[PDB]
>>> print(open('target.cif').read())   # mmCIF, N, CA, C and O atoms
data_coords
#
loop_
_atom_site.label_atom_id
_atom_site.label_comp_id
_atom_site.auth_asym_id
_atom_site.auth_seq_id
_atom_site.Cartn_x
_atom_site.Cartn_y
_atom_site.Cartn_z
N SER R 1032 -17.05 -2.04 -7.94
CA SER R 1032 -17.12 -3.07 -6.92
C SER R 1032 -15.83 -2.98 -6.14
O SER R 1032 -14.80 -2.59 -6.70
N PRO R 1033 -15.85 -3.32 -4.84
CA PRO R 1033 -14.61 -3.31 -4.05
C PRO R 1033 -13.56 -4.29 -4.55
O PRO R 1033 -12.37 -4.09 -4.30
N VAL R 1034 -13.95 -5.34 -5.27
CA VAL R 1034 -12.96 -6.16 -5.95
C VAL R 1034 -12.55 -5.50 -7.26
O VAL R 1034 -11.37 -5.50 -7.64
N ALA R 1035 -13.52 -4.89 -7.96
CA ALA R 1035 -13.26 -4.41 -9.31
C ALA R 1035 -12.42 -3.15 -9.30
O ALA R 1035 -11.61 -2.92 -10.22
N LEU R 1036 -12.57 -2.31 -8.28
CA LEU R 1036 -11.77 -1.09 -8.23
C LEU R 1036 -10.33 -1.35 -7.83
O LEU R 1036 -9.51 -0.43 -7.92
N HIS R 1037 -10.00 -2.57 -7.39
CA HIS R 1037 -8.61 -2.93 -7.20
C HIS R 1037 -7.87 -2.98 -8.53
O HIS R 1037 -6.73 -2.53 -8.63
N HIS R 1038 -8.53 -3.52 -9.56
CA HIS R 1038 -7.88 -3.72 -10.85
C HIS R 1038 -7.55 -2.40 -11.53
O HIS R 1038 -6.44 -2.21 -12.05
N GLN R 1039 -8.49 -1.46 -11.52
CA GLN R 1039 -8.33 -0.24 -12.29
C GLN R 1039 -7.38 0.74 -11.63
O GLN R 1039 -6.86 1.63 -12.31
N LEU R 1040 -7.14 0.61 -10.34
CA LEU R 1040 -6.16 1.44 -9.66
C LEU R 1040 -4.75 0.87 -9.72
O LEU R 1040 -3.80 1.56 -9.35
N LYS R 1041 -4.59 -0.38 -10.16
CA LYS R 1041 -3.25 -0.90 -10.38
C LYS R 1041 -2.77 -0.60 -11.79
O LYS R 1041 -1.58 -0.34 -12.01
N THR R 1042 -3.67 -0.63 -12.76
CA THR R 1042 -3.32 -0.38 -14.15
C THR R 1042 -3.39 1.09 -14.52
O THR R 1042 -3.31 1.42 -15.71
N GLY R 1043 -3.54 1.98 -13.55
CA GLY R 1043 -3.40 3.40 -13.77
C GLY R 1043 -4.63 4.10 -14.32
O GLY R 1043 -4.58 5.30 -14.57
N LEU R 1044 -5.73 3.38 -14.53
CA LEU R 1044 -6.90 3.98 -15.14
C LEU R 1044 -7.71 4.77 -14.12
O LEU R 1044 -7.96 4.30 -13.01
N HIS R 1045 -8.14 5.98 -14.50
CA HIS R 1045 -8.92 6.84 -13.63
C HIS R 1045 -10.40 6.48 -13.75
O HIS R 1045 -10.98 6.67 -14.83
N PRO R 1046 -11.04 5.98 -12.70
CA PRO R 1046 -12.49 5.78 -12.76
C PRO R 1046 -13.20 7.10 -12.57
O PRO R 1046 -12.58 8.11 -12.20
N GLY R 1047 -14.50 7.11 -12.86
CA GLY R 1047 -15.26 8.32 -12.61
C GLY R 1047 -15.43 8.51 -11.12
O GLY R 1047 -16.31 7.90 -10.52
N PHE R 1048 -14.63 9.41 -10.55
CA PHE R 1048 -14.42 9.40 -9.11
C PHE R 1048 -13.54 10.58 -8.73
O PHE R 1048 -12.84 11.13 -9.59
N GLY R 1049 -13.55 10.99 -7.46
CA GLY R 1049 -12.69 12.04 -6.98
C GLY R 1049 -12.25 11.79 -5.54
O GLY R 1049 -12.73 10.87 -4.87
N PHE R 1050 -11.34 12.63 -5.08
CA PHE R 1050 -10.82 12.47 -3.73
C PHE R 1050 -10.61 13.82 -3.07
O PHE R 1050 -10.48 14.84 -3.75
N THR R 1051 -10.65 13.81 -1.75
CA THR R 1051 -9.89 14.76 -0.96
C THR R 1051 -8.88 14.01 -0.11
O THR R 1051 -9.04 12.83 0.19
N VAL R 1052 -7.83 14.71 0.28
CA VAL R 1052 -6.79 14.13 1.11
C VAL R 1052 -6.73 14.91 2.40
O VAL R 1052 -6.56 16.13 2.39
N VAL R 1053 -6.86 14.21 3.52
CA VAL R 1053 -6.84 14.82 4.84
C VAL R 1053 -5.74 14.16 5.65
O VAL R 1053 -5.66 12.93 5.71
N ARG R 1054 -4.89 14.98 6.26
CA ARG R 1054 -3.89 14.48 7.19
C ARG R 1054 -3.58 15.58 8.20
O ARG R 1054 -3.82 16.76 7.95
N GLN R 1055 -3.03 15.17 9.33
CA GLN R 1055 -2.79 16.05 10.46
C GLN R 1055 -1.30 16.12 10.75
O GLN R 1055 -0.59 15.11 10.73
N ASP R 1056 -0.82 17.33 11.03
CA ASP R 1056 0.59 17.54 11.31
C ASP R 1056 0.77 18.24 12.64
O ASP R 1056 -0.12 18.97 13.10
N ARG R 1057 1.93 18.02 13.26
CA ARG R 1057 2.26 18.56 14.57
C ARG R 1057 3.57 19.33 14.48
O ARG R 1057 4.58 18.78 14.02
N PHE R 1058 3.56 20.57 14.94
CA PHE R 1058 4.74 21.42 14.92
C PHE R 1058 5.16 21.77 16.34
O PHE R 1058 4.32 22.11 17.18
N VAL R 1059 6.46 21.70 16.60
CA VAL R 1059 7.03 22.12 17.88
C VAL R 1059 7.54 23.54 17.71
O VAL R 1059 8.44 23.80 16.90
N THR R 1060 6.95 24.46 18.47
CA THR R 1060 7.18 25.89 18.30
C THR R 1060 7.57 26.53 19.62
O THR R 1060 7.15 26.06 20.69
N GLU R 1061 8.36 27.59 19.54
CA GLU R 1061 8.69 28.37 20.72
C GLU R 1061 7.67 29.47 20.93
O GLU R 1061 7.08 30.00 19.98
N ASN R 1062 7.45 29.83 22.19
CA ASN R 1062 6.40 30.77 22.54
C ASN R 1062 6.94 31.85 23.46
O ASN R 1062 8.05 31.74 24.00
N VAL R 1063 6.14 32.90 23.64
CA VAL R 1063 6.46 34.02 24.51
C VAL R 1063 5.24 34.31 25.37
O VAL R 1063 4.13 34.47 24.86
N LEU R 1064 5.45 34.37 26.68
CA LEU R 1064 4.39 34.73 27.61
C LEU R 1064 4.49 36.19 28.01
O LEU R 1064 5.55 36.81 27.93
N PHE R 1065 3.36 36.72 28.45
CA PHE R 1065 3.30 38.04 29.07
C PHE R 1065 2.15 38.04 30.05
O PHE R 1065 1.13 37.38 29.82
N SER R 1066 2.32 38.76 31.16
CA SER R 1066 1.27 38.87 32.16
C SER R 1066 1.49 40.13 32.97
O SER R 1066 2.59 40.39 33.45
N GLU R 1067 0.42 40.91 33.13
CA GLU R 1067 0.48 42.13 33.93
C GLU R 1067 0.40 41.72 35.40
O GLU R 1067 0.03 40.58 35.70
N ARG R 1068 0.74 42.66 36.29
CA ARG R 1068 1.31 42.43 37.62
C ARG R 1068 0.63 41.38 38.48
O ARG R 1068 1.17 40.29 38.66
N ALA R 1069 -0.58 41.64 38.97
CA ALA R 1069 -1.26 40.67 39.82
C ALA R 1069 -2.25 39.90 38.96
O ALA R 1069 -3.46 40.11 39.05
N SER R 1070 -1.74 38.99 38.15
CA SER R 1070 -2.56 38.24 37.21
C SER R 1070 -3.24 37.05 37.86
O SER R 1070 -4.19 36.51 37.29
N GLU R 1071 -2.78 36.64 39.04
CA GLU R 1071 -3.26 35.43 39.68
C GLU R 1071 -2.85 35.46 41.14
O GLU R 1071 -1.75 35.90 41.47
N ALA R 1072 -3.74 35.03 42.03
CA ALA R 1072 -3.39 34.81 43.42
C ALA R 1072 -3.09 33.33 43.62
O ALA R 1072 -3.69 32.48 42.97
N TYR R 1073 -2.15 33.05 44.51
CA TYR R 1073 -1.57 31.71 44.66
C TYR R 1073 -1.52 31.35 46.13
O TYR R 1073 -0.91 32.07 46.93
N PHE R 1074 -2.15 30.23 46.50
CA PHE R 1074 -2.15 29.74 47.87
C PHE R 1074 -1.44 28.40 47.93
O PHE R 1074 -1.80 27.46 47.21
N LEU R 1075 -0.43 28.30 48.79
CA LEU R 1075 0.27 27.06 49.02
C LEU R 1075 0.03 26.59 50.45
O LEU R 1075 -0.08 27.40 51.38
N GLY R 1076 -0.02 25.28 50.63
CA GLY R 1076 -0.35 24.67 51.89
C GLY R 1076 0.87 24.32 52.72
O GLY R 1076 1.98 24.79 52.46
N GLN R 1077 0.66 23.48 53.73
CA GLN R 1077 1.73 22.96 54.56
C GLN R 1077 1.90 21.49 54.23
O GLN R 1077 0.91 20.76 54.16
N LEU R 1078 3.15 21.07 54.01
CA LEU R 1078 3.42 19.76 53.46
C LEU R 1078 3.16 18.66 54.48
O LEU R 1078 3.20 18.88 55.69
N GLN R 1079 2.89 17.46 53.97
CA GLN R 1079 2.70 16.30 54.83
C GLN R 1079 3.92 15.38 54.74
O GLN R 1079 4.76 15.51 53.84
N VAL R 1080 4.03 14.44 55.68
CA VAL R 1080 5.07 13.43 55.70
C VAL R 1080 4.37 12.08 55.66
O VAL R 1080 3.35 11.87 56.32
N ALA H 492 10.43 -30.00 -21.27
CA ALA H 492 10.22 -31.41 -21.57
C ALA H 492 10.93 -31.77 -22.86
O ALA H 492 11.14 -30.92 -23.73
N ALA H 493 11.30 -33.04 -22.99
CA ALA H 493 11.81 -33.55 -24.25
C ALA H 493 10.64 -33.85 -25.19
O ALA H 493 9.56 -34.22 -24.73
N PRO H 494 10.82 -33.69 -26.50
CA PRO H 494 9.71 -33.95 -27.43
C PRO H 494 9.42 -35.44 -27.56
O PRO H 494 10.18 -36.19 -28.18
N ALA H 495 8.31 -35.86 -26.98
CA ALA H 495 7.92 -37.26 -26.94
C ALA H 495 6.85 -37.53 -27.99
O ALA H 495 5.88 -36.78 -28.10
N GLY H 496 7.04 -38.59 -28.77
CA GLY H 496 6.07 -39.00 -29.75
C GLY H 496 6.04 -38.10 -30.97
O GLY H 496 6.88 -37.21 -31.13
N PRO H 497 5.07 -38.32 -31.85
CA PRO H 497 4.96 -37.48 -33.05
C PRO H 497 4.41 -36.11 -32.70
O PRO H 497 3.60 -35.95 -31.78
N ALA H 498 4.87 -35.10 -33.45
CA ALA H 498 4.45 -33.73 -33.20
C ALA H 498 3.10 -33.40 -33.82
O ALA H 498 2.62 -32.27 -33.65
N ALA H 499 2.49 -34.34 -34.53
CA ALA H 499 1.18 -34.08 -35.14
C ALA H 499 0.08 -34.02 -34.09
O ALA H 499 -0.98 -33.44 -34.33
N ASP H 500 0.31 -34.63 -32.93
CA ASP H 500 -0.61 -34.58 -31.81
C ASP H 500 0.05 -34.08 -30.54
O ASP H 500 -0.25 -34.57 -29.45
N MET H 501 0.96 -33.11 -30.66
CA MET H 501 1.79 -32.73 -29.52
C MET H 501 1.03 -31.85 -28.54
O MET H 501 1.06 -32.09 -27.32
N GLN H 502 0.33 -30.84 -29.04
CA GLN H 502 -0.28 -29.85 -28.15
C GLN H 502 -1.54 -30.39 -27.48
O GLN H 502 -1.85 -30.02 -26.35
N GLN H 503 -2.27 -31.27 -28.17
CA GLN H 503 -3.45 -31.87 -27.55
C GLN H 503 -3.07 -32.81 -26.42
O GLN H 503 -3.78 -32.89 -25.41
N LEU H 504 -1.93 -33.50 -26.54
CA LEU H 504 -1.40 -34.25 -25.42
C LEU H 504 -0.84 -33.36 -24.32
O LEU H 504 -0.68 -33.81 -23.19
N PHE H 505 -0.54 -32.10 -24.64
CA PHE H 505 0.07 -31.20 -23.66
C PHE H 505 -0.95 -30.70 -22.65
O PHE H 505 -0.70 -30.73 -21.44
N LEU H 506 -2.09 -30.20 -23.13
CA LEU H 506 -3.03 -29.49 -22.26
C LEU H 506 -3.70 -30.44 -21.28
O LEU H 506 -4.08 -30.03 -20.18
N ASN H 507 -3.85 -31.71 -21.65
CA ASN H 507 -4.38 -32.69 -20.73
C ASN H 507 -3.41 -33.03 -19.61
O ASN H 507 -3.84 -33.53 -18.57
N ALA H 508 -2.11 -32.77 -19.80
CA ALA H 508 -1.14 -33.04 -18.76
C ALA H 508 -1.10 -31.91 -17.74
O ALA H 508 -0.82 -32.14 -16.55
N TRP H 509 -1.37 -30.69 -18.18
CA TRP H 509 -1.19 -29.50 -17.36
C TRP H 509 -2.50 -28.76 -17.10
O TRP H 509 -2.46 -27.55 -16.83
N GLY H 510 -3.63 -29.45 -17.17
CA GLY H 510 -4.92 -28.78 -17.03
C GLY H 510 -5.18 -28.26 -15.63
O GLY H 510 -5.95 -27.31 -15.45
N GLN H 511 -4.56 -28.86 -14.62
CA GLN H 511 -4.70 -28.36 -13.26
C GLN H 511 -3.68 -27.27 -12.98
O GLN H 511 -4.03 -26.19 -12.47
N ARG H 512 -2.41 -27.52 -13.33
CA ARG H 512 -1.27 -26.73 -12.87
C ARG H 512 -1.28 -25.29 -13.38
O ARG H 512 -0.69 -24.41 -12.76
N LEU H 513 -1.98 -25.03 -14.49
CA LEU H 513 -2.02 -23.68 -15.04
C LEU H 513 -2.83 -22.73 -14.16
O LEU H 513 -2.52 -21.54 -14.07
N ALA H 514 -3.87 -23.24 -13.51
CA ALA H 514 -4.84 -22.38 -12.85
C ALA H 514 -4.76 -22.41 -11.33
O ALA H 514 -5.69 -21.93 -10.67
N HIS H 515 -3.68 -22.94 -10.74
CA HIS H 515 -3.63 -22.96 -9.28
C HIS H 515 -3.17 -21.63 -8.70
O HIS H 515 -3.64 -21.23 -7.63
N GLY H 516 -2.27 -20.93 -9.39
CA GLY H 516 -1.79 -19.65 -8.94
C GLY H 516 -1.61 -18.73 -10.13
O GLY H 516 -2.08 -19.03 -11.23
N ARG H 517 -0.94 -17.61 -9.91
CA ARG H 517 -0.70 -16.65 -10.98
C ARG H 517 0.70 -16.83 -11.55
O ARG H 517 1.65 -17.11 -10.80
N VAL H 518 0.82 -16.74 -12.87
CA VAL H 518 2.12 -16.76 -13.52
C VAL H 518 2.89 -15.51 -13.14
O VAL H 518 2.35 -14.40 -13.17
N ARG H 519 4.16 -15.69 -12.76
CA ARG H 519 4.96 -14.59 -12.24
C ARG H 519 5.29 -13.55 -13.31
O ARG H 519 5.05 -12.35 -13.12
N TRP H 520 5.84 -13.99 -14.44
CA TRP H 520 6.51 -13.06 -15.34
C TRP H 520 5.53 -12.21 -16.13
O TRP H 520 5.89 -11.14 -16.63
N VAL H 521 4.29 -12.68 -16.29
CA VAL H 521 3.31 -11.92 -17.05
C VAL H 521 2.80 -10.74 -16.23
O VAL H 521 2.65 -9.62 -16.75
N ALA H 522 2.57 -10.96 -14.94
CA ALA H 522 1.98 -9.92 -14.09
C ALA H 522 2.96 -8.78 -13.83
O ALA H 522 2.55 -7.67 -13.47
N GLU H 523 4.27 -9.03 -13.99
CA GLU H 523 5.23 -7.94 -13.91
C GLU H 523 5.12 -6.99 -15.09
O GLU H 523 5.50 -5.82 -14.98
N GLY H 524 4.60 -7.47 -16.22
CA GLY H 524 4.48 -6.66 -17.41
C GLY H 524 3.51 -5.51 -17.30
O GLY H 524 3.68 -4.48 -17.95
N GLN H 525 2.49 -5.67 -16.46
CA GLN H 525 1.52 -4.61 -16.24
C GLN H 525 1.86 -3.73 -15.05
O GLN H 525 1.00 -2.98 -14.59
N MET H 526 3.08 -3.81 -14.55
CA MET H 526 3.47 -2.99 -13.41
C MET H 526 3.95 -1.63 -13.88
O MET H 526 4.73 -1.53 -14.84
N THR H 527 3.47 -0.58 -13.23
CA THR H 527 4.04 0.75 -13.39
C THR H 527 5.48 0.71 -12.87
O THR H 527 5.75 0.04 -11.87
N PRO H 528 6.43 1.38 -13.55
CA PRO H 528 7.82 1.42 -13.06
C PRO H 528 8.02 1.98 -11.66
O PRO H 528 9.08 1.74 -11.07
N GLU H 529 7.06 2.72 -11.10
CA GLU H 529 7.13 3.05 -9.69
C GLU H 529 6.49 1.98 -8.82
O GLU H 529 6.95 1.74 -7.70
N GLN H 530 5.45 1.32 -9.32
CA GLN H 530 4.80 0.25 -8.57
C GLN H 530 5.69 -0.97 -8.45
O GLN H 530 5.59 -1.72 -7.47
N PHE H 531 6.56 -1.19 -9.44
CA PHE H 531 7.47 -2.33 -9.39
C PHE H 531 8.52 -2.15 -8.30
O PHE H 531 8.99 -3.12 -7.71
N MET H 532 8.88 -0.90 -8.02
CA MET H 532 9.87 -0.63 -6.98
C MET H 532 9.31 -0.86 -5.59
O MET H 532 10.08 -1.08 -4.65
N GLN H 533 8.00 -0.81 -5.43
CA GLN H 533 7.27 -0.93 -4.18
C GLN H 533 7.30 -2.37 -3.68
O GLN H 533 7.58 -3.30 -4.45
N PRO H 534 7.03 -2.62 -2.40
CA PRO H 534 6.96 -4.01 -1.92
C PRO H 534 5.66 -4.74 -2.24
O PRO H 534 5.39 -5.76 -1.60
N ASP H 535 4.85 -4.23 -3.17
CA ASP H 535 3.62 -4.93 -3.56
C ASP H 535 3.91 -6.26 -4.24
O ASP H 535 3.13 -7.21 -4.10
N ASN H 536 5.02 -6.34 -4.97
CA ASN H 536 5.33 -7.56 -5.71
C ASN H 536 5.80 -8.68 -4.80
O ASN H 536 5.36 -9.83 -4.95
N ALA H 537 6.73 -8.37 -3.89
CA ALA H 537 7.50 -9.28 -3.04
C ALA H 537 8.33 -10.27 -3.86
O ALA H 537 8.78 -11.29 -3.34
N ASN H 538 8.54 -9.95 -5.13
CA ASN H 538 9.43 -10.69 -6.02
C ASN H 538 10.65 -9.87 -6.41
O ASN H 538 11.37 -10.25 -7.33
N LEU H 539 10.88 -8.74 -5.74
CA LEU H 539 12.11 -7.98 -5.94
C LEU H 539 13.33 -8.74 -5.47
O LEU H 539 14.41 -8.57 -6.03
N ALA H 540 13.17 -9.61 -4.46
CA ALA H 540 14.30 -10.31 -3.87
C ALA H 540 14.87 -11.35 -4.83
O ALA H 540 16.00 -11.81 -4.65
#
>>> encode(input="target.cif", output="structure tokens")
Amino acid sequence: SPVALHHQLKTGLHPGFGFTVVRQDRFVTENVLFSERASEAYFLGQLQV
Amino acid sequence: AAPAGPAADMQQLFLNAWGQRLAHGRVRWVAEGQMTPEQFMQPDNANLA
């Protein structure tokens, strides 16, 4: 029971039950780019005021 | 309390005086006895202070 399983997890007793543990982590990493010569064409406009 | 009256009827006079006060909340010192030594360090108790 959701009330009853509170008791057995405080007194350390293992019920007939199992778990998986899922969590997400974020890493800040350095990178390296490469691109062969004409990899992209680029069009720029005329600015406004 | 000071011992009032004869002790031949002491405990029967006791429980009628405290029949409400025993069951309003939880006794502090007993519930610490079932604490895991890591669980006692946690803020679950709020009686560390």
>>> select_by_dssp(input="target.cif", residues="chain R", states="helix (DSSP H, G or I)", output="number ranges by chain")
R: 1035-1041
>>> atom_distance(input="target.cif", atom1="CA of residue 529 in chain H", atom2="CA of residue 516 in chain H")
24.4 Å
>>> atom_distance(input="target.cif", atom1="atom C of residue 527 in chain H", atom2="atom C of residue 1033 in chain R")
21.4 Å
>>> closest_atom_pairs(input="target.cif", of="chain R", to="chain H", cutoff="8 Å", atoms="all atoms listed in the file", output="CSV")
residue,atom,partner,partner_atom,distance
R:1038,O,H:525,O,7.9
R:1041,O,H:525,O,4.5
R:1042,CA,H:525,O,5.1
R:1043,N,H:525,O,6.8
>>> residues_around(input="target.cif", residues="residue 1046 in chain R", least_positions_apart="6", cutoff="12 Å", atoms="only C-alpha atoms", output="MDAnalysis selection string")
chainID R and resid 1032 1035:1040
>>> axis_aligned_box(input="target.cif", around="range 1033-1036 of chain R", padding_each_side="3 Å", output="lines of an AutoDock Vina configuration file")
center_x = -12.7
center_y = -3.3
center_z = -7.1
size_x = 12.3
size_y = 11.7
size_z = 12.2
>>> atom_distance(input="target.cif", atom1="CA of residue 503 in chain H", atom2="CA of residue 520 in chain H")
24.5 Å
>>> decode(input="target.cif", residues="chain R", atoms="C-alpha atoms", output="PDB file, in the first residue's frame")
ATOM      1  CA  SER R1032       0.000   0.000   0.000  1.00  0.00           C
ATOM      2  CA  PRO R1033       1.303   3.547  -0.580  1.00  0.00           C
ATOM      3  CA  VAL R1034       1.011   4.092   3.166  1.00  0.00           C
ATOM      4  CA  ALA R1035       2.410   0.666   4.014  1.00  0.00           C
ATOM      5  CA  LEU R1036       5.491   0.877   1.808  1.00  0.00           C
ATOM      6  CA  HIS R1037       6.546   4.000   3.700  1.00  0.00           C
ATOM      7  CA  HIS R1038       7.144   1.906   6.825  1.00  0.00           C
ATOM      8  CA  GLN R1039       9.248  -0.842   5.279  1.00  0.00           C
ATOM      9  CA  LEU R1040      11.563   1.556   3.450  1.00  0.00           C
ATOM     10  CA  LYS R1041      12.368   3.429   6.662  1.00  0.00           C
ATOM     11  CA  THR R1042      13.218   0.311   8.669  1.00  0.00           C
ATOM     12  CA  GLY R1043      15.513  -0.992   5.931  1.00  0.00           C
ATOM     13  CA  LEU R1044      13.461  -4.032   4.930  1.00  0.00           C
ATOM     14  CA  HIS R1045      13.530  -5.060   1.263  1.00  0.00           C
ATOM     15  CA  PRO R1046      10.032  -5.749  -0.111  1.00  0.00           C
ATOM     16  CA  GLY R1047       9.547  -8.071  -3.037  1.00  0.00           C
ATOM     17  CA  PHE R1048      10.341  -5.420  -5.589  1.00  0.00           C
ATOM     18  CA  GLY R1049      13.009  -4.006  -7.908  1.00  0.00           C
ATOM     19  CA  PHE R1050      14.200  -0.774  -9.433  1.00  0.00           C
ATOM     20  CA  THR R1051      15.942   0.863 -12.274  1.00  0.00           C
ATOM     21  CA  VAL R1052      17.558   4.257 -11.849  1.00  0.00           C
ATOM     22  CA  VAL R1053      17.400   6.789 -14.673  1.00  0.00           C
ATOM     23  CA  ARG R1054      19.051  10.204 -14.669  1.00  0.00           C
ATOM     24  CA  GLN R1055      20.381  12.606 -17.284  1.00  0.00           C
ATOM     25  CA  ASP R1056      23.757  14.333 -17.345  1.00  0.00           C
ATOM     26  CA  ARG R1057      25.176  17.234 -19.352  1.00  0.00           C
ATOM     27  CA  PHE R1058      28.816  17.571 -20.382  1.00  0.00           C
ATOM     28  CA  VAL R1059      30.540  20.690 -21.723  1.00  0.00           C
ATOM     29  CA  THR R1060      32.999  19.539 -24.376  1.00  0.00           C
ATOM     30  CA  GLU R1061      35.355  21.128 -26.869  1.00  0.00           C
ATOM     31  CA  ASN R1062      34.887  20.382 -30.552  1.00  0.00           C
ATOM     32  CA  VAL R1063      36.715  20.586 -33.879  1.00  0.00           C
ATOM     33  CA  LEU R1064      35.131  21.617 -37.174  1.00  0.00           C
ATOM     34  CA  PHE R1065      36.213  20.829 -40.707  1.00  0.00           C
ATOM     35  CA  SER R1066      34.738  21.828 -44.055  1.00  0.00           C
ATOM     36  CA  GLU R1067      35.955  21.445 -47.627  1.00  0.00           C
ATOM     37  CA  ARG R1068      36.218  24.549 -49.790  1.00  0.00           C
ATOM     38  CA  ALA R1069      32.818  25.662 -51.128  1.00  0.00           C
ATOM     39  CA  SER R1070      30.684  24.017 -48.452  1.00  0.00           C
ATOM     40  CA  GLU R1071      27.989  26.698 -48.478  1.00  0.00           C
ATOM     41  CA  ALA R1072      26.923  29.736 -50.481  1.00  0.00           C
ATOM     42  CA  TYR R1073      26.121  32.859 -48.474  1.00  0.00           C
ATOM     43  CA  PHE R1074      23.936  35.826 -49.456  1.00  0.00           C
ATOM     44  CA  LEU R1075      23.873  39.021 -47.408  1.00  0.00           C
ATOM     45  CA  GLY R1076      21.438  41.872 -47.928  1.00  0.00           C
ATOM     46  CA  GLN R1077      21.515  45.651 -47.610  1.00  0.00           C
ATOM     47  CA  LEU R1078      20.903  46.966 -44.110  1.00  0.00           C
ATOM     48  CA  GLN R1079      17.942  49.071 -43.025  1.00  0.00           C
ATOM     49  CA  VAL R1080      17.764  52.093 -40.703  1.00  0.00           C
TER      50      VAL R1080
END
